[PDB]
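All remarks here apply to the structure that follows.
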Amino acid sequence: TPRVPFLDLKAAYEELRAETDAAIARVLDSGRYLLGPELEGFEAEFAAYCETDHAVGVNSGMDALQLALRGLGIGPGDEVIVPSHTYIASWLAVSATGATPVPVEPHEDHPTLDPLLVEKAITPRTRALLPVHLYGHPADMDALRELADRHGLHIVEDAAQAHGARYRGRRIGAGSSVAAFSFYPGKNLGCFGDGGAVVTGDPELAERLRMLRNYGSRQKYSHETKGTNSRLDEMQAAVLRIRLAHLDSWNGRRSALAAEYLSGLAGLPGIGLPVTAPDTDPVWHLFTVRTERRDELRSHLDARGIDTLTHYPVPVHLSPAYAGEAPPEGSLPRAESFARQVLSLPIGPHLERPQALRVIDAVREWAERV
Amino acid sequence: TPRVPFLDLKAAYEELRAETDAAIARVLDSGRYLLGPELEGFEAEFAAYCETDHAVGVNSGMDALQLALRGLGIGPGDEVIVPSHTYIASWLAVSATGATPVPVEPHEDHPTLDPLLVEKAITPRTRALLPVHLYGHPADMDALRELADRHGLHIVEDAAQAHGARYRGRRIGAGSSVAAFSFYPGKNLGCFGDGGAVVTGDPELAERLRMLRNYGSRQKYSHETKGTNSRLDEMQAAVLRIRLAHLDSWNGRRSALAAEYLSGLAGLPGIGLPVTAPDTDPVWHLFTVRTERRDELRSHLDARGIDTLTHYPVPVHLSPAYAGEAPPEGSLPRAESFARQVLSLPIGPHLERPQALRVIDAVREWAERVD
Ligand SMILES: Cc1ncc(COP(=O)(O)O)c(CNC(CCC(=O)O)C(=O)O)c1O
Ligand SMILES: Cc1ncc(COP(=O)(O)O)c(CNC(CCC(=O)O)C(=O)O)c1O
Ligand SMILES: [Cl-]
Ligand SMILES: [Cl-]
Ligand code: NA
């Protein structure tokens, strides 16, 4: 009867209703709604969660990336290697600093930056690499780091889709990393509105960020540098604190589901599945499949009362937004292929097994018929 | 004794505790947190409130200004006349577009852009005028419009401290206006986090704005244009709807307190009282007095257990953020003078008469001291 929802947000509030309500009531009653104890508590907790020393809360994953770059001196004339395969914000953030986004294709087997391709894209104007741990899968960080070192580049990770994921046993955002996260409601760790953060081991970068996000000031009405307004609300921070506490458990639920999908969709002719890189603990922000006749598969599922989505329908390079400025069509085949064949299957910490089985059955069904 | 607070934010929540809590619960139960019915509802109401056709909720007053400018095609190589006397955000939004902020002094006695001075700063690079209705006082819109219309400049108003004010009987942001507002907790119209909006009578601008605040999208995943993320949460918007229904009333309270101060502090030696330009209905975001020896007066009130604030202690041009690109100290005397003379006295829809009365007494006392 009822459809399989793509991702149930309300279920996330439902599960922790009492604590959530109390957290909000608390904020409401504090009389402090910006840059207070909730933000400070969350930052500390998140940073620790991430196995690093600093966290700076902001308004969105897009701002975190932008401010991270700006904070590393990134600007006009600079080149930033970005994924040709990712959510547009990745590029926009770069574009926002005046810098130039230079797309690099994903590895042939994993939706992350291909390091060898990366190397070949590096030019004398390159100043930073911007790997995206797409769908909750970590990019080959050791290879990226080697490259960056060897070439004197910074590394800003787009971890908006990988909260709590591990790379070779270390969380994404650990140590000397510089990673941007999104707290958008639908992210693996979400709140009740827009939010984001930058995590880093660098106390200096951290401080620049604190100024950056707050009108370039550390002291009221003391504008030492040009800044903006990109803060994480206390109210949102409060909830985030609750949710963080449940992140590994929630994440584990997705992993189970992912294991279910992998086995249950194994063999299917014409249906490509995700190949987890070794030495990694992905967080399955999205469970993706690939096929020719993706459109037909979606309709089929739709018709079967299954909610689906495509991440993403148009490759960044081909969006009107960047059209006249990025590589021509056919010049980024992998991102292009992804756009035509990819489909996201319901997944989340509130999806019941029976519903995942329904999904599987319907996929097999279609797969089989075609 | 208990100090007199500068502006009590809790009191705002308290007064509407029940409605508030329920507006929030409602959002929580909706399963809808971004770009929903509360946003739409608040936009319609606000728009109607400002006597205009559209309202586009964003993340802050700065983004409102920025996005408006962007939407009007303002950018690099362009010039936007800004007030030398204002909150930094006004300049920052201009710079953010790659355009250039060109400071123009305010009147000598009114914290707004001096129309007479504007004209002279106009360059072939000029594209817009960015007047600020500072402290809840409207700038001279008629003059500015006239000026704009002549030179074919756009006008983007910084109305973050002027929610509901009227100029010539019309609300700030009415008709063909293009005005940006802030919903920052401490504004006349605030919420429990950051937020803002742009109001305009232009459907096309409005649509551009919706797209700009939402990744250059009108359809999910269809990036028609370059955009950003600058939205007003459902949760905050629910609250604003309530606050909005009490704005007139709350502003009204501010106006009573203003009258009191004005009457209560009349004829005081070195105390400069805020002037209310004719044809204006101010909303007194802030109550400002000016004096030489402001730090003294400040220390004095502090001693009398009264919280005050200075808006702003350092003129924009003199801030390190722009020091390097603005005019040198001494070349923007009005702005420089405001910065060294201003003091904000407690005011808000939650301040009580007796507290205001003590503010009055301390100020008088001070002013009457033997010299
Ligand atoms: C990889 C990646 N980077 C950056 C961002 C931007 O983060 P925000 O905090 O959401 O601004 C997203 C959000 N991806 C989204 C959410 C889009 C939105 O905010 O409207 C998505 O793909 O639906 C993302 O998935
Ligand atoms: C005249 C004016 N313009 C623009 C802004 C910026 O709007 P926001 O939504 O607050 O970004 C403010 C906020 N004035 C502030 C609040 C500064 C802040 O946001 O931290 C003030 O002067 O304290 C303002 O007063
Ligand atoms: Cl606050
Ligand atoms: Cl939502
Ligand atoms: Na926000």
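In listed order, ligands and their atoms are each counted from 1. Every chain is numbered from 1, with letters handed out A, B, ... down the list of sequences. Both backbone and side-chain heavy atoms feed into the values below; hydrogens, waters and symmetry mates do not.
- Not one N or O of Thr86(A) is nearer than 3.5 Å to an N or O of ligand 1, by distance alone.
- When all heavy atoms of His285(A) and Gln161(A) are compared, the closest pair comes out as CB-O, 3.2 Å.
- With respect to the salt-bridge test (charged N to carboxylate O, under 4.0 angstrom), the residues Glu157(A) and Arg171(A) do not qualify.
- Ligand 2 has a nitrogen or oxygen under 3.5 angstrom from a nitrogen or oxygen of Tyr221(A).
- In summary, the side chains of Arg231(A) and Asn214(A) do present a donor paired with an acceptor at a separation below 3.5 Å, with no hydrogens or angles considered.
- At least one N, O or S atom of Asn59(A), from either the backbone or the side chain, sits less than 3.0 Å from the Na ion (ligand 5).
- Using a 4.5 Å cut-off on side-chain heavy atoms (C-beta onward), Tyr33(A) and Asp233(A) make no contact.
- Ligand 1 is approached by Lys187(A) to a heavy-atom distance shorter than 4.0 Å.
- Heavy-atom contacts of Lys220(B) reach the following atoms of ligand 1: 23 (O) (cutoff under 4.0 Å).
- Close contacts of ligand 2 with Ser60(B), meaning ligand atoms under 4.0 Å from a residue heavy atom, involve 9 (O), 11 (O).
- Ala180(B) and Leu65(B) make their closest contact through CB-CD2, 3.6 Å (heavy atoms, listed as atom of the first residue, atom of the second, distance).
- Residue-to-ligand polar distances place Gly61(A) within reach of ligand 1: an N/O pair is separated by less than 3.5 Å.
- Where the criterion is an N or O separation shorter than 3.5 Å, residue side chain and backbone included, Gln161(B) meets it with respect to ligand 2.
- Stacking of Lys226(B) on the aromatic ring of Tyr322(A) is recorded, both the 6.0 Å distance cut-off and the 45° axial limit being met.
- When ring centroids are compared, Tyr87(B) and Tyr135(B) stay outside the 6.0 Å threshold.
- Annotation for ligand 2: atoms under 4.0 Å from non-hydrogen atoms of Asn229(A) are 8 (P), 9 (O), 11 (O), 19 (O).
- Listed by number with element, the atoms of ligand 2 under 4.0 angstrom from any heavy atom of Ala160(B) are 2 (C), 3 (N), 4 (C), 12 (C), 24 (C).
- Contact annotation for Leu34(B) and ligand 1: no heavy atom of the residue comes within less than 4.0 Å of the ligand.
- If you look at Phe181(A) and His163(A), their ring centroids are closer than 6.0 Å.
- Contact between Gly195(A) and ligand 1 is present, with at least one heavy atom of the residue lying under 4.0 Å from the ligand.
- Checked against the 6.0 Å centroid threshold, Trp91(A) and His317(A) do not count as a close aromatic pair.
- The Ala89(B) neighbourhood of ligand 2 comprises atoms 4 (C), 5 (C), 6 (C), with distances under 4.0 Å to a heavy atom of that residue.
- Between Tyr184(B), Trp91(B), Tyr215(A), it is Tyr215(A) that holds the heavy atom closest to atom 6 (C) of ligand 2.
- In this structure, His223(A) has its ring center at least 6.0 angstrom away from the ring center of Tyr312(B).
- A donor and an acceptor atom, one from each side chain of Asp140(B) and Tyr167(B), are located under 3.5 Å apart.
- Across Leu130(A), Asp158(A), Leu65(A), heavy-atom proximity to atom 3 (N) of ligand 1 is greatest for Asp158(A).
- One finds no salt bridge joining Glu234(A) and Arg32(A) here, because no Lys/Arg side-chain nitrogen approaches an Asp/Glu carboxylate oxygen to under 4.0 Å.
- Below 4.0 Å from some heavy atom of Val132(A) lie the following atoms of ligand 1, by number and element: 1 (C).
- Using a 4.0 Å cut-off between charged nitrogen and carboxylate oxygen, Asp63(A) and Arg213(A) do not count as a salt-bridge pair.
- When only non-hydrogen protein atoms are considered, atom 17 (C) of ligand 1 lies nearest to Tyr87(A) OH, 3.6 Å.
- Heavy-atom contacts of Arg231(A) reach the following atoms of ligand 2: 18 (C), 19 (O), 20 (O) (cutoff under 4.0 Å).
- Checked against a 3.5 angstrom limit, the closest N/O atoms of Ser90(A) and ligand 1 fall outside it.
- Residue contact check for ligand 2: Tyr312(B) places a non-hydrogen atom closer than 4.0 Å to it.
- The residue among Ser182(B), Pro83(B), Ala159(B) with a heavy atom at the shortest distance from atom 8 (P) of ligand 2 is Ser182(B).
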